[PDB]
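Asker:
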Amino acid sequence: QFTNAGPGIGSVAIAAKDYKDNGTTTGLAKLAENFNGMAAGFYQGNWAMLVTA
Amino acid sequence: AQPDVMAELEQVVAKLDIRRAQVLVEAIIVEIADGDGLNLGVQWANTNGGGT
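Note that the protein sequences, when read in sequence, are chains I and J.
Just so you know, the deposited numbering puts the end of the first sequence at 411, numbered straight through with nothing missing.
Just so you know, the deposited numbering puts the end of the second sequence at 358, numbered straight through with nothing missing.
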């Protein structure tokens, strides 16, 4: 995990798990407020990958 | 004052009491303003691949 990037995988994962079963969106909607670029996720078997640009 | 000064003050007064001329002053302030903003931007979000 790094910081120079718009957002941290932490807030994203937690938000997605908090948005389940019709949860809140405040938390996650606040992360994605100023974000700008191409966040591209990829799952090849078990290794998750997040590309920011 | 002395009649000599009375005649001197009488010319000073006559020159100094001249009908002061009037001036009509029109100013014209013209301003013109405009400009063009443009915001066009395209976002692609894909569950599998990634979002922008």
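Using N, Cα and C, we set each Cβ at its ideal position, and we do this for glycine too.
Taking 8 Å as the threshold (beta carbon to beta carbon), is I/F360 in contact with chain J?
Answerer: No, because no Cβ of chain J sits closer than 8 Å to the Cβ of I/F360.
Asker: In the DSSP assignment, find the alpha helix (DSSP H) that holds J/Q317 and state where it starts and stops.
Answerer: Start and end: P309 to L322.
Asker: Helix, strand or coil for J/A351, going by three-state DSSP, please let me know.
Answerer: It is a strand residue.
Asker: Please report whether the beta-carbon of I/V370 lies at a distance below 8 Å from any beta-carbon of chain J.
Answerer: Chain J, which has no Cβ nearer than 8 Å to the Cβ of I/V370, makes this no.
Asker: Of all the options I/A411, I/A390, I/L386 and I/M407, which has the alpha carbon lying nearest to the alpha carbon of I/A374?
Answerer: Taking only the C-alpha atoms, the option nearest I/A374 is I/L386.
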